[PDB]
Amino acid sequence: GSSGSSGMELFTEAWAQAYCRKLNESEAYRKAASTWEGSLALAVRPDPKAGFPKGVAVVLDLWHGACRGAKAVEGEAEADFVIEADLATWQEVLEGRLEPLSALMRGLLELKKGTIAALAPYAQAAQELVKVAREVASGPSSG
């Protein structure tokens, strides 16, 4: 059992670092993406409704399934795989109703860096990533 919802700011250093450290615990995940070797960044389209006229970019350096380091940068970030999309589309995935890869494949998201041909082998590993992603989300601060 678990709950969350409520709150405007979601892509914050806290959530980034927390979601990065929470994975290292998910043995199952590490074992799954124990082959992956790179970094991932979740960019969000610039919008006032959230307070980001330039957009936010959360890094997620994943090392063989084991997190390496996360950092939140508003604007121009840096990662082997950068995906930018509407905050609304990004939420769905986190809510568990949508998927990270299925979204970018359906035409919802869009990878600016890296390539999709690299997600071929890492198409399932996502299920593990998102899984933990939710665990973190619960309620860091009222706001």
# chains A, B, ... in the order shown; residues from 1 in each chain; ligands from 1
>>> residues_around(residues="range 115-120 of chain A", least_positions_apart="6", cutoff="10 Å", atoms="only C-alpha atoms", output="PyMOL selection string")
chain A and resi 36+80-82+101+104-105+126
>>> residues_around(residues="residue 64 in chain A", least_positions_apart="6", cutoff="10 Å", atoms="only C-alpha atoms", output="PyMOL selection string")
chain A and resi 29-38
>>> atom_distance(atom1="CA of residue 83 in chain A", atom2="CA of residue 110 in chain A")
5.4 Å
>>> select_by_dssp(residues="range 10-137 of chain A", states="strand (DSSP E or B)", output="NGL selection string")
:A and (37-44 or 47 or 52 or 56-63 or 66-69 or 72-73 or 81-85 or 111)
>>> write_last_selection(atoms="N, CA, C and O atoms", output="tab-separated table (two decimals), in the first residue's frame")
chain	number	residue	atom	x	y	z
A	37	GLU	N	24.46	1.07	-19.12
A	37	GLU	CA	25.65	1.86	-18.84
A	37	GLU	C	25.54	3.26	-19.44
A	37	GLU	O	25.97	3.50	-20.57
A	38	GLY	N	24.94	4.17	-18.69
A	38	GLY	CA	24.77	5.54	-19.16
A	38	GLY	C	23.99	6.40	-18.19
A	38	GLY	O	23.84	6.04	-17.02
A	39	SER	N	23.51	7.54	-18.67
A	39	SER	CA	22.74	8.46	-17.83
A	39	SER	C	21.45	8.87	-18.52
A	39	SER	O	21.38	8.96	-19.74
A	40	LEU	N	20.41	9.12	-17.72
A	40	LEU	CA	19.12	9.52	-18.25
A	40	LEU	C	18.65	10.82	-17.61
A	40	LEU	O	18.84	11.04	-16.41
A	41	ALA	N	18.03	11.68	-18.41
A	41	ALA	CA	17.53	12.96	-17.92
A	41	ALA	C	16.08	13.19	-18.36
A	41	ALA	O	15.75	13.04	-19.53
A	42	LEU	N	15.23	13.55	-17.40
A	42	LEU	CA	13.82	13.79	-17.68
A	42	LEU	C	13.53	15.29	-17.74
A	42	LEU	O	13.38	15.94	-16.71
A	43	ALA	N	13.46	15.82	-18.96
A	43	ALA	CA	13.18	17.24	-19.15
A	43	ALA	C	11.68	17.51	-19.20
A	43	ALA	O	10.90	16.65	-19.63
A	44	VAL	N	11.28	18.70	-18.77
A	44	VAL	CA	9.87	19.07	-18.77
A	44	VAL	C	9.65	20.39	-19.51
A	44	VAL	O	10.33	21.38	-19.24
A	47	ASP	N	6.57	25.88	-18.70
A	47	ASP	CA	5.20	26.35	-18.50
A	47	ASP	C	5.06	27.02	-17.14
A	47	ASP	O	5.63	26.59	-16.13
A	52	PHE	N	7.85	27.24	-14.48
A	52	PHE	CA	9.07	26.92	-15.21
A	52	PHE	C	9.02	27.48	-16.63
A	52	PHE	O	8.68	26.78	-17.58
A	56	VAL	N	12.33	22.28	-16.56
A	56	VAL	CA	13.22	21.62	-15.61
A	56	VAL	C	13.80	20.34	-16.19
A	56	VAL	O	13.15	19.66	-16.99
A	57	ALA	N	15.03	20.02	-15.79
A	57	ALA	CA	15.70	18.81	-16.28
A	57	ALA	C	16.30	18.02	-15.12
A	57	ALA	O	17.25	18.48	-14.48
A	58	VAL	N	15.76	16.84	-14.87
A	58	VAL	CA	16.25	15.99	-13.79
A	58	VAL	C	17.14	14.87	-14.33
A	58	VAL	O	16.70	14.06	-15.15
A	59	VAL	N	18.38	14.85	-13.87
A	59	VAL	CA	19.34	13.83	-14.31
A	59	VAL	C	19.20	12.56	-13.49
A	59	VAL	O	18.76	12.59	-12.34
A	60	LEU	N	19.57	11.43	-14.09
A	60	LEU	CA	19.48	10.14	-13.41
A	60	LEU	C	20.56	9.19	-13.92
A	60	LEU	O	20.28	8.25	-14.66
A	61	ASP	N	21.80	9.44	-13.52
A	61	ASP	CA	22.93	8.61	-13.93
A	61	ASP	C	22.78	7.19	-13.37
A	61	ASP	O	23.02	6.96	-12.18
A	62	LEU	N	22.40	6.26	-14.23
A	62	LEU	CA	22.23	4.87	-13.82
A	62	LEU	C	23.44	4.03	-14.21
A	62	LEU	O	23.82	3.96	-15.38
A	63	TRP	N	24.06	3.40	-13.21
A	63	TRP	CA	25.23	2.57	-13.45
A	63	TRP	C	24.92	1.10	-13.18
A	63	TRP	O	24.80	0.68	-12.03
A	66	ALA	N	22.41	0.33	-10.88
A	66	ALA	CA	22.66	1.04	-9.63
A	66	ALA	C	22.89	2.52	-9.88
A	66	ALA	O	23.81	2.91	-10.60
A	67	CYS	N	22.04	3.36	-9.29
A	67	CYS	CA	22.15	4.80	-9.44
A	67	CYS	C	23.58	5.27	-9.17
A	67	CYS	O	24.31	4.65	-8.40
A	68	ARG	N	23.96	6.38	-9.80
A	68	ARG	CA	25.30	6.93	-9.62
A	68	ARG	C	25.23	8.36	-9.10
A	68	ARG	O	26.00	8.75	-8.23
A	69	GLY	N	24.29	9.14	-9.64
A	69	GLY	CA	24.14	10.52	-9.21
A	69	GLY	C	23.01	11.23	-9.94
A	69	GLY	O	22.83	11.04	-11.14
A	72	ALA	N	19.19	18.22	-10.54
A	72	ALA	CA	18.12	18.95	-11.19
A	72	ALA	C	18.61	20.30	-11.71
A	72	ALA	O	19.11	21.12	-10.94
A	73	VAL	N	18.45	20.53	-13.01
A	73	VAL	CA	18.88	21.78	-13.63
A	73	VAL	C	17.78	22.35	-14.52
A	73	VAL	O	17.31	21.69	-15.44
A	81	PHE	N	20.94	10.58	-22.60
A	81	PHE	CA	19.57	10.42	-23.05
A	81	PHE	C	18.65	11.45	-22.40
A	81	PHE	O	18.27	11.32	-21.24
A	82	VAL	N	18.31	12.49	-23.16
A	82	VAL	CA	17.44	13.55	-22.66
A	82	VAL	C	16.07	13.49	-23.33
A	82	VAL	O	15.96	13.50	-24.55
A	83	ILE	N	15.02	13.44	-22.51
A	83	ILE	CA	13.66	13.38	-23.02
A	83	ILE	C	12.84	14.57	-22.53
A	83	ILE	O	12.72	14.80	-21.33
A	84	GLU	N	12.29	15.33	-23.47
A	84	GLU	CA	11.48	16.50	-23.14
A	84	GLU	C	10.03	16.29	-23.55
A	84	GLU	O	9.74	15.83	-24.66
A	85	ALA	N	9.11	16.63	-22.65
A	85	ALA	CA	7.68	16.48	-22.92
A	85	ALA	C	6.85	17.33	-21.96
A	85	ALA	O	7.37	17.85	-20.97
A	111	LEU	N	12.82	12.10	-27.42
A	111	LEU	CA	14.22	12.06	-27.01
A	111	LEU	C	15.06	13.00	-27.86
A	111	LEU	O	15.19	12.82	-29.07
>>> residues_around(residues="range 95-98 of chain A", least_positions_apart="3", cutoff="8 Å", atoms="only C-alpha atoms", output="JSON, numbers by chain")
{"A": [91, 92, 102, 103, 130, 131, 134]}
>>> write_last_selection(atoms="N, CA, C and O atoms", output="PDB file, in the first residue's frame")
ATOM      1  N   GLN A  91       3.524  13.409 -15.808  1.00  0.00           N
ATOM      2  CA  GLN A  91       2.800  13.019 -14.605  1.00  0.00           C
ATOM      3  C   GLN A  91       2.190  11.631 -14.762  1.00  0.00           C
ATOM      4  O   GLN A  91       2.415  10.747 -13.936  1.00  0.00           O
ATOM      5  N   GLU A  92       1.418  11.447 -15.828  1.00  0.00           N
ATOM      6  CA  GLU A  92       0.774  10.165 -16.093  1.00  0.00           C
ATOM      7  C   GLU A  92       1.706   9.007 -15.746  1.00  0.00           C
ATOM      8  O   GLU A  92       1.394   8.178 -14.890  1.00  0.00           O
ATOM      9  N   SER A 102       6.749   3.494 -23.444  1.00  0.00           N
ATOM     10  CA  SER A 102       5.509   3.414 -24.208  1.00  0.00           C
ATOM     11  C   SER A 102       5.023   4.805 -24.602  1.00  0.00           C
ATOM     12  O   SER A 102       4.388   4.981 -25.642  1.00  0.00           O
ATOM     13  N   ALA A 103       5.325   5.791 -23.763  1.00  0.00           N
ATOM     14  CA  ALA A 103       4.921   7.168 -24.024  1.00  0.00           C
ATOM     15  C   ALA A 103       5.732   7.770 -25.167  1.00  0.00           C
ATOM     16  O   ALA A 103       5.174   8.354 -26.097  1.00  0.00           O
ATOM     17  N   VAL A 130      10.295   3.028 -13.092  1.00  0.00           N
ATOM     18  CA  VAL A 130       9.038   3.656 -12.701  1.00  0.00           C
ATOM     19  C   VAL A 130       8.557   3.130 -11.354  1.00  0.00           C
ATOM     20  O   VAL A 130       8.155   3.900 -10.482  1.00  0.00           O
ATOM     21  N   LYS A 131       8.601   1.812 -11.189  1.00  0.00           N
ATOM     22  CA  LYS A 131       8.171   1.181  -9.947  1.00  0.00           C
ATOM     23  C   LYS A 131       8.654   1.975  -8.738  1.00  0.00           C
ATOM     24  O   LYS A 131       7.851   2.511  -7.973  1.00  0.00           O
ATOM     25  N   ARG A 134       7.631   5.697  -8.012  1.00  0.00           N
ATOM     26  CA  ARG A 134       6.400   5.918  -7.262  1.00  0.00           C
ATOM     27  C   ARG A 134       6.665   5.873  -5.760  1.00  0.00           C
ATOM     28  O   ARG A 134       6.224   6.748  -5.016  1.00  0.00           O
TER      29      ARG A 134
END
>>> closest_residue(among="A:99, A:17, A:109, A:22", to="residue 124 in chain A", atoms="only C-alpha atoms")
A:99
>>> residues_around(residues="residue 10 in chain A", least_positions_apart="5", cutoff="10 Å", atoms="only C-alpha atoms", output="ChimeraX atom specification")
/A:15-16,50,87,91,137,139-140
>>> closest_residue(among="A:112, A:70, A:55, A:20", to="residue 86 in chain A", atoms="only C-alpha atoms")
A:55
>>> atom_distance(atom1="CA of residue 12 in chain A", atom2="CA of residue 71 in chain A")
8.6 Å
>>> closest_residue(among="A:129, A:4, A:48, A:54", to="residue 21 in chain A", atoms="only C-alpha atoms")
A:129
